[PDB]
Amino acid sequence: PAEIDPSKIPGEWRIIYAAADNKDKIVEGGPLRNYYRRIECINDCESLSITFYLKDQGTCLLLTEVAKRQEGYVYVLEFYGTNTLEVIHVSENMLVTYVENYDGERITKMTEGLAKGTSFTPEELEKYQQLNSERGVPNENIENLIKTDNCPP
């Protein structure tokens, strides 16, 4: 956390990958399959504003959610249950979140791999997969989200 440069968080991100222990949450049409478009910091990252698409029965819905800082770069937001969202890696070209979602029945551990481009290089994917494993998120459950992101750019 001490090494994170939060100035790299804001910007126009695309989601490339997601991974979760409960795969059903992140498959097409799943509640936590969210097509990022933009993140902005509020009050020097005391809150995050996140704008993304959610598909409902094939139709793209533009949403904006605000997450509030708990501690460090761990944020809380309500969206299909209660979430913590932690920025666990960020660079000029790549951002990785770690999310714990609780829906009243299950806890889902997941990550999202965002890029400034449309893909991760093998080095970037290696980092993403290592971050997943460190947090008990199975790489077997990785979904490539950009390949189904037919929502408006």
# chains A, B, ... in the order shown; residues from 1 in each chain; ligands from 1
call {"tool": "residues_around", "arguments": {"residues": "residue 152 in chain A", "least_positions_apart": "6", "cutoff": "12 Å", "atoms": "only C-alpha atoms", "output": "list in words"}}
result
residues 14, 35, 36, 37, 52, 53, 54, 55, 59, 60, 61 and 62 of chain A
call {"tool": "write_last_selection", "arguments": {"atoms": "N, CA and C atoms", "output": "mmCIF file, in the first residue's frame"}}
result
data_model
loop_
_atom_site.group_PDB
_atom_site.id
_atom_site.type_symbol
_atom_site.label_atom_id
_atom_site.label_comp_id
_atom_site.auth_asym_id
_atom_site.auth_seq_id
_atom_site.Cartn_x
_atom_site.Cartn_y
_atom_site.Cartn_z
ATOM 1 N N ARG A 14 -10.540 0.369 -19.338
ATOM 2 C CA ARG A 14 -11.345 -0.733 -19.868
ATOM 3 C C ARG A 14 -11.091 -1.943 -18.987
ATOM 4 N N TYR A 35 -18.617 -3.541 -16.948
ATOM 5 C CA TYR A 35 -17.747 -3.037 -18.001
ATOM 6 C C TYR A 35 -17.328 -1.600 -17.713
ATOM 7 N N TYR A 36 -16.162 -1.472 -17.085
ATOM 8 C CA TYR A 36 -15.623 -0.179 -16.670
ATOM 9 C C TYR A 36 -15.498 0.787 -17.822
ATOM 10 N N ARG A 37 -15.740 2.061 -17.525
ATOM 11 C CA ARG A 37 -15.459 3.138 -18.476
ATOM 12 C C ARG A 37 -14.592 4.225 -17.859
ATOM 13 N N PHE A 52 -19.587 2.615 -15.245
ATOM 14 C CA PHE A 52 -19.464 1.327 -15.925
ATOM 15 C C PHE A 52 -20.803 0.923 -16.517
ATOM 16 N N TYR A 53 -20.763 -0.029 -17.441
ATOM 17 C CA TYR A 53 -21.980 -0.659 -17.953
ATOM 18 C C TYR A 53 -22.277 -1.983 -17.271
ATOM 19 N N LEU A 54 -23.565 -2.226 -17.058
ATOM 20 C CA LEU A 54 -24.074 -3.522 -16.641
ATOM 21 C C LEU A 54 -25.042 -3.928 -17.740
ATOM 22 N N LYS A 55 -24.977 -5.175 -18.195
ATOM 23 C CA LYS A 55 -25.965 -5.654 -19.165
ATOM 24 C C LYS A 55 -27.158 -6.306 -18.488
ATOM 25 N N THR A 59 -29.128 -5.753 -22.873
ATOM 26 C CA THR A 59 -29.141 -4.295 -22.982
ATOM 27 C C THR A 59 -28.149 -3.622 -22.023
ATOM 28 N N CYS A 60 -27.360 -2.693 -22.553
ATOM 29 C CA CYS A 60 -26.301 -2.033 -21.790
ATOM 30 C C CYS A 60 -26.828 -0.856 -20.970
ATOM 31 N N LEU A 61 -26.654 -0.915 -19.652
ATOM 32 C CA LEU A 61 -27.087 0.157 -18.764
ATOM 33 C C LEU A 61 -25.890 0.874 -18.140
ATOM 34 N N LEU A 62 -25.789 2.180 -18.384
ATOM 35 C CA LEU A 62 -24.713 2.998 -17.836
ATOM 36 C C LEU A 62 -24.988 3.392 -16.384
#
call {"tool": "residues_around", "arguments": {"residues": "residue 148 in chain A", "least_positions_apart": "3", "cutoff": "10 Å", "atoms": "only C-alpha atoms", "output": "ChimeraX atom specification"}}
result
/A:16,28,35,143-145,151
call {"tool": "write_last_selection", "arguments": {"atoms": "N, CA and C atoms", "output": "mmCIF file, in the first residue's frame"}}
result
data_model
loop_
_atom_site.group_PDB
_atom_site.id
_atom_site.type_symbol
_atom_site.label_atom_id
_atom_site.label_comp_id
_atom_site.auth_asym_id
_atom_site.auth_seq_id
_atom_site.Cartn_x
_atom_site.Cartn_y
_atom_site.Cartn_z
ATOM 1 N N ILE A 16 -10.366 -5.763 -18.803
ATOM 2 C CA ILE A 16 -9.912 -6.846 -19.666
ATOM 3 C C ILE A 16 -10.327 -8.196 -19.091
ATOM 4 N N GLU A 28 -21.232 -13.885 -18.203
ATOM 5 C CA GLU A 28 -22.101 -12.952 -18.910
ATOM 6 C C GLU A 28 -23.472 -12.849 -18.249
ATOM 7 N N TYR A 35 -18.617 -3.541 -16.948
ATOM 8 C CA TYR A 35 -17.747 -3.037 -18.001
ATOM 9 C C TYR A 35 -17.328 -1.600 -17.713
ATOM 10 N N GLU A 143 -12.307 -14.752 -16.634
ATOM 11 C CA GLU A 143 -13.173 -14.445 -17.774
ATOM 12 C C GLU A 143 -12.529 -13.283 -18.517
ATOM 13 N N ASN A 144 -12.471 -13.357 -19.846
ATOM 14 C CA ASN A 144 -12.061 -12.195 -20.623
ATOM 15 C C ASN A 144 -13.297 -11.360 -20.921
ATOM 16 N N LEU A 145 -13.409 -10.234 -20.241
ATOM 17 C CA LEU A 145 -14.573 -9.375 -20.370
ATOM 18 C C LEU A 145 -14.542 -8.468 -21.593
ATOM 19 N N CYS A 151 -20.744 -2.870 -25.366
ATOM 20 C CA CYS A 151 -21.416 -1.639 -24.950
ATOM 21 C C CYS A 151 -20.715 -0.417 -25.535
#
call {"tool": "residues_around", "arguments": {"residues": "residue 9 in chain A", "least_positions_apart": "6", "cutoff": "9 Å", "atoms": "only C-alpha atoms", "output": "list in words"}}
result
residues 39, 40, 41, 45, 87, 90, 91, 92 and 95 of chain A
call {"tool": "closest_residue", "arguments": {"among": "A:103, A:65, A:21, A:112", "to": "residue 141 in chain A", "atoms": "only C-alpha atoms"}}
result
A:21
call {"tool": "residues_around", "arguments": {"residues": "range 68-70 of chain A", "least_positions_apart": "4", "cutoff": "7 Å", "atoms": "only C-alpha atoms", "output": "MDAnalysis selection string"}}
result
chainID A and resid 46:48 74:77
call {"tool": "atom_distance", "arguments": {"atom1": "CA of residue 115 in chain A", "atom2": "CA of residue 15 in chain A"}}
result
6.3 Å
call {"tool": "residues_around", "arguments": {"residues": "residue 89 in chain A", "least_positions_apart": "2", "cutoff": "10 Å", "atoms": "only C-alpha atoms", "output": "list in words"}}
result
residues 1, 3, 4, 5, 6, 8, 9, 86, 87, 91, 94, 95, 96, 97, 98, 113, 127, 128 and 131 of chain A
